[PDB]
Amino acid sequence: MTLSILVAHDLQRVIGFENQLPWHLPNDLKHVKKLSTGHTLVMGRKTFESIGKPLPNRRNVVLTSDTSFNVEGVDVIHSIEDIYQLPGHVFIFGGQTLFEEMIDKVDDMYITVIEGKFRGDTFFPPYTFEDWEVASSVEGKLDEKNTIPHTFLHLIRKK
Ligand SMILES: NC(=O)c1ccc[n+]([C@@H]2O[C@H](COP(=O)([O-])OP(=O)(O)OC[C@H]3O[C@@H](n4cnc5c(N)ncnc54)[C@H](OP(=O)(O)O)[C@@H]3O)[C@@H](O)[C@H]2O)c1
Ligand SMILES: CCc1nc(N)nc(N)c1OCCCOc1ccccc1CCC(=O)O
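Thresholds applied
- Residues numbered from 1 in each chain as written, not as in the entry; some residues may be left out.
- Chains lettered and ligands numbered in written order.
- Heavy atoms only, no water.
- Residues with missing side-chain atoms left out of burial classes, pairs and counts.
- UniProt positions renumbered as here; feature names shortened; annotations may be inferred.
- Near = heavy atom within 4 Å.
- Polar contact = N/O pair within 3.5 Å; in protein donor to acceptor, adjacent residues only side chain to side chain.
- Areas by Shrake-Rupley, 256 points an atom, 1.4 Å probe, with all protein chains shown as cover.
- Helix = DSSP H or I, 4+ residues; strand = E, 2+ residues; numbered from the N terminus.
- Nonpolar A, V, L, I, M, F, W, Y, C, P; charged D, E, K, R; others polar.
- Core = buried A, V, L, I, M, F, W, Y, C linked by side-chain atoms within 4.5 Å.
- Buried < 20%, exposed > 50% of the residue type's maximum accessible area, 1.4 Å probe, protein only.
- Contact = heavy atoms within 4.5 Å.
- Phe/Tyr/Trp six-rings, centres within 6.5 Å; stacked < 30°, edge-to-face > 60°.
- Pairing = 2+ DSSP bridges.
- Axes fitted to C-alpha atoms, helices over the stretch in contact; angles between N-to-C directions.

Determination of this PDB entry was carried out by X-ray crystallography to a resolution of 1.9000 Å, according to the record.

With the PDB entry as reference, the protein chain is termed Dihydrofolate reductase, source organism Staphylococcus aureus. Per the PDB record, the entry is named "Crystal structure of dihydrofolate reductase from Staphylococcus aureus MW2 bound to NADP and p218". What UniProt states about the protein chain under its Catalytic activity heading is, verbatim, "(6S)-5,6,7,8-tetrahydrofolate + NADP(+) = 7,8-dihydrofolate + NADPH + H(+)". UniProt's Pathway comment on the protein chain is quoted here verbatim: "Cofactor biosynthesis; tetrahydrofolate biosynthesis; 5,6,7,8-tetrahydrofolate from 7,8-dihydrofolate: step 1/1."

This is the structure we're talking about:
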């Protein structure tokens, strides 16, 4: 399983609002860092500009049509087909455009379900558990810093 989706979405599959995350969940950032460190993130241009700096200790690949894009510490690709040449474990990082382009191609999905309803303008595509086996489902821990219930799902495409 070398090609995966990595996403956090709420009960209505909202993933973003005005180029930011609608929630603050440190546990989920830790989850991303644990899964992706030492591997490769592929993300759309808008998601990269939301993040600003590339994330440390992993390969950052940005998909953009902009031939002027040349950011220190960032690798640039210009086509969806470029993804299939990246070595190692590749995580599709978002945003909405990337997720829709890749949900039918990935081997598996690491989904953080945020158990709330936020205002969004960007969405993860609908998906059915008739196509996806639950490899694991783990409730996130609530504390002073993580106040929204959340569940970590690992889904694997059924054969
Ligand atoms: N909750 C999560 O898991 C999560 C994850 C990621 C992002 N987000 C949120 O989602 C929103 C951003 O998503 P978005 O869909 O608006 O933007 P995006 O997918 O991050 O970026 C869209 C851009 O990516 C480039 N791109 C996409 N497909 C391409 C293709 N086939 N060929 C070439 N370039 C391509 C284009 O850049 P150019 O216009 O430069 O060509 C396009 O404008 C924000 O709110 C962000 O916070 C949330
Ligand atoms: C941490 C959110 C997140 N969580 C999971 N499980 N998968 C993602 N693909 C994901 O999105 C990562 C890409 C977009 O992330 C952002 C979008 C807007 C602002 C900030 C960030 C991440 C950096 C941060 O939150 O400090």
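K.L.:
I tried to follow the site of ligand 2 on my own but got confused; where do I start?
P.N.:
Around ligand 2 sit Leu6, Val7, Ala8, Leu21, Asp28, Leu29, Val32, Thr47, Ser50, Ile51, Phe93 and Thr112, and that is every residue in its neighbourhood. Take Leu6: an N or O atom from its main chain is 2.7 Å from a nitrogen atom of ligand 2. Take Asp28: an N or O atom from its side chain is 2.6 Å from a nitrogen atom of ligand 2. Relative to its unbound accessible area of 550 Å², ligand 2 is 78% covered by the protein chains. Counting only elements with at least two residues in the shell around ligand 2, the list comes to β1 (3-10), α1 (26-36) and α2 (45-51). Its residues assigned to classes, the shell around ligand 2 shows eight nonpolar, three polar and one charged.

K.L.:
Explain the nonpolar core to me, please; I cannot follow it from the model alone.
P.N.:
For soluble globular proteins, the rule of thumb is that nonpolar side chains tend to be buried together. One finds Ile5, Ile83, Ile92, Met109, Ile111 and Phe124 to be the most contacted residues of the largest nonpolar core, which totals 25 residues. At the level of elements, β1, β4 (59-63), β6 (90-92), α3 (96-102), β7 (108-114) and β10 (150-157) are the ones that each hand at least two residues to this core. Contacts of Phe124, omitting those with residues within four sequence positions, involve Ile5, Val7, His9, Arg13, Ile15, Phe99, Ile103, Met109 and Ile111. With twelve residues, the next largest nonpolar core counts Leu6, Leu35, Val74 and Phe91 among its residues.

K.L.:
Sorry, what's going on with the packing of aromatic side chains here?
P.N.:
Note on aromatic pairs: each is described by the distance of the centres and the angle between the planes. Under the definition given, this model contains six aromatic pairs. Residues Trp23 and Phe118 carry aromatic rings whose centres are separated by 5.3 Å and whose planes lie at 70 degrees to one another, so their mutual orientation is edge-to-face. Placement of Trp23 in the loop between β2 (14-16) and α1 and of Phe118 in the loop between β7 and β8 (122-123) is noted, with a sequence separation of 95 residues between them. On the basis of relative accessibility, which here comes to 7%, the residue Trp23 falls in the buried class. An aromatic cluster of three or more residues is present, and its members are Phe99, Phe124, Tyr127 and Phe129.

K.L.:
In this structure, what is going on with the sheet that holds β4? I would like to understand it.
P.N.:
The pairing of strands in a sheet happens through backbone hydrogen bonds and is either parallel or antiparallel. Across the sheet, eight strands lie side by side as β5-β4-β3-β6-β1-β7-β10-β9; this open sheet has mixed pairing. Of all the strands in the sheet, the pair left with one neighbour each is β5 (75-77) and β9 (132-139). Going from strand to strand, the sheet's axes swing by 25 degrees on average, the running direction of each strand aside. Alignment of β1 against β7, held across seven bridges, turns out to be parallel. Paired with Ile5 across the two strands is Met109, which belongs to β7. This element, α1, spans β1, β3 (40-44), β6, β7 and β10 of the sheet and lies at about 35 degrees to β10.

K.L.:
What should I look at first to understand the environment of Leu3 in this one?
P.N.:
Looking at where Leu3 falls in the secondary structure, it is placed in strand β1. Looking at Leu3, the relative accessible area reads 11%, which means it is buried. In this structure, the C-alpha to C-alpha distance between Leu3 and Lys105, residues 102 residues apart in sequence, is 8.1 Å. Apart from the residues lying within four places of it in its own chain, the contact partners of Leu3 are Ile83, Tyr84, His89, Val90, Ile92, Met102, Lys105, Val106, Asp107 and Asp108.

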